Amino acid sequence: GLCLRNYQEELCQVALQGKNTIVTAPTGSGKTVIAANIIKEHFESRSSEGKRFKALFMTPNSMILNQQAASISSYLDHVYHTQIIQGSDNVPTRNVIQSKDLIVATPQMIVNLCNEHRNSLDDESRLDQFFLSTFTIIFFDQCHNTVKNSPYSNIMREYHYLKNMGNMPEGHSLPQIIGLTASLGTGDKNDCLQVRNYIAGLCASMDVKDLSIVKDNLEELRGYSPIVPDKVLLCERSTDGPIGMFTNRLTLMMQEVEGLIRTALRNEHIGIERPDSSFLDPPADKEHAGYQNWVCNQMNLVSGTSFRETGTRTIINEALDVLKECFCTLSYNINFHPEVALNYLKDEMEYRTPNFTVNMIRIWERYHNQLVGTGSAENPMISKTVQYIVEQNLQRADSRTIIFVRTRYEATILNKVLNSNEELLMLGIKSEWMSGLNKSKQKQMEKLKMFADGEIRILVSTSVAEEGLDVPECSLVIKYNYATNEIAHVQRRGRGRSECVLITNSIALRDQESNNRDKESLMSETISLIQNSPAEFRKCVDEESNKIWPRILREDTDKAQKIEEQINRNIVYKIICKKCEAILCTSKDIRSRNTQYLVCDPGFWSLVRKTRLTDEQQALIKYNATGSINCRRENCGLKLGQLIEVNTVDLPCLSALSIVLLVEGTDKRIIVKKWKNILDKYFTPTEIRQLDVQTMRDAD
């Protein structure tokens, strides 16, 4: 039974004409009800007319998959079979969706489905191409994520291949594309004309010409989704007395550690003067983010530079590692107070004490009691945060508080602080911390229930609770010195359906928030221009649509000419263990398989220790992995990668962070962060074949 509202029916009109469209409506307006109605009309008209029908509904986050699948399925007759597909599944996708009418999927499942046929171990293993046009209608939930190299963008890439190459099979037609979103975003453009072009580009890439926007029933929409006021509350940042002394004394300690590096670089006769190429003087402002840019990029040079004396690499990597912890220590002092920041620093420094060098143990003893600095007052943001909690708890004993922070560790700290707060202890208010699941989901679900029952009344969370999760309506939303984009600004305040308040001690963070409100009104102005000058907008879409196919071909041509040139250079790279530098193999021995990079040198098995995973753990993991491999050399044991099952055979893949490249015939030490950087700059492994699988199955 469908009791469709009036503004919802308005949002179905374009789609019900069979046209591609994007549905823009606030979060909580019932877009999945709109989709369910469109799927119903699509299924019934086409079934009665004898035409084929098959729906696909995609959403980026797999946690609201059963929720949105059950919702849509409930509005449809039982003759229509619905099926969820996701990474936790073990059966191939091709079979699961064979006789299903509604597929509910994460978009990568469809990317792999459509690209699965392009690679094979041999000609007999080849698969028939699964054409995206097998679906007659496709829904992009949160379609503002159709940008750059995203899964959604790669699904539209398949669409445009079919649209321009004319390879669709007999009877097929281009599917109807429907997008759902609360806001398409401004692309951080500065005026309406540019934002209109940006939106035209997004439409073009989805092959959309007509936006679906509530125009008549605007008042009915206001009632069903109110306007929440977003207040900003700037707080004082203390730099007086103990707090400034802790900062000043930790700054002097870092300058001494920076001297350990310089004394070492002098012995190598290396002259100091970007920080990933040249050795540079550290920035004077130690707590500025530009300092971490220096420490981290410099540490890449230390493992990518060939020294000449003994221990130079050891003392520098020891120094840079301490400076990282000092920078984070300064960062934790901004959000809290020197007690917490020193607690972190003491633990980190005590952990490394057994291994510290001579010079480093001397420096720490000279500052460990000095940095103490007795004790300082509570951070103004904490006290102001507590004040907001008490003000709501007096008005309502059923008070639900959720606090967004930036880092996982900051949630750990703020949680421990709020629980040890005397005024909250008496007032009967416990707090729990929550973070992202990707690196137990049941231990997290347990916290959401306790938060709903009222056992815990405060929830310190990272940005995980901004989308997807079913978090109960909260009385107060606090953004503890944290802000990001304008799309989350519309969906971070959208969780209040209640007051959201930004507590910050940074003007740059207040400005970032006010800019995101300007972007919100800039969207309104632009959407109005689009609605009221529809012909000009159509011309913008046509201009952008004219660019897509030649751009796709240019991109494909660039990839092929890049491989062509790499083959003409014909450079061989030695692949060594990053820790022990034992030669693991060469680039000629690497093969690729589902964007995994496998060693196909049979001698490689004798350089590693396999470590299998139990079938219990494998079922929980949402990708292909059977175990790990570790460097076999003595006193190394570095994890070099993982085992993946290829046609029943375990094969070893290499982690990019566990290896270093050497041009064959030189000592040139190339460091790499990701395999995609290797494919882009050095060599492109060819697809793994059946011969390679057998050769490694036997050698093992």
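Position 1 is the first residue in the sequence shown; the rest follow in order.
Colleague: With respect to the deposited sequence, is there a break between residue 439 and residue 440 in this entry, and if so is it 1 to 3, 4 to 9, or 10 or more residues, or none at all?
Modeller: Gap between residue 439 and residue 440: 10 or more residues without coordinates.
Colleague: Counting only residues that lack coordinates, how big is the gap in the deposited sequence between residue 118 and residue 119? Pick none, 1 to 3, 4 to 9 or 10 or more.
Modeller: Count of unmodelled residues in between: none.
Colleague: Can you let me know which of the two, 193-201 or 345-353, has the higher average C-alpha B-factor in the entry?
Modeller: For C-alpha atoms only, the mean B-factor is higher in 345-353.
Colleague: Got a sec? Mean C-alpha B-factor, which is higher, 52-60 or 22-30?
Modeller: For C-alpha atoms only, the mean B-factor is higher in 22-30.
Colleague: For the CA B factor values reported in this entry, which option in 585, 429, 503, 540 has the top one?
Modeller: So the option with the highest C-alpha B-factor is 429.
Colleague: Kindly indicate the residue among 579, 396, 288, 408 with the greatest C-alpha B-factor in the PDB record.
Modeller: Among 579, 396, 288, 408, the PDB entry lists the largest C-alpha B-factor for 396.
Colleague: Classify residue 605 as lowest, middle or highest third according to the C-alpha B-factor given in the PDB entry, relative to its own chain.
Modeller: Within its chain, residue 605 is a middle-third residue by C-alpha B-factor, going by the deposited values.
Colleague: Can you tell me whether residue 67 has a C-alpha B-factor in the lowest, middle or highest third compared with the other modelled residues of the same chain?
Modeller: Residue 67: CA B-factor falls in the middle third of its chain.
Colleague: If you rank every modelled residue in this chain by C-alpha B factor, which third holds residue 47: lowest, middle or highest?
Modeller: Its C-alpha B-factor, which the entry lists for residue 47, ranks in the middle third among residues of this chain.
Colleague: Name the third of the chain's ranked CA B-factors that contains residue 485, choosing lowest, middle or highest.
Modeller: CA B-factor rank for residue 485: highest third.
Colleague: Going by the recorded CA B-factors, say which third of the chain residue 364 sits in, lowest, middle or highest.
Modeller: It falls in the top third of the chain.
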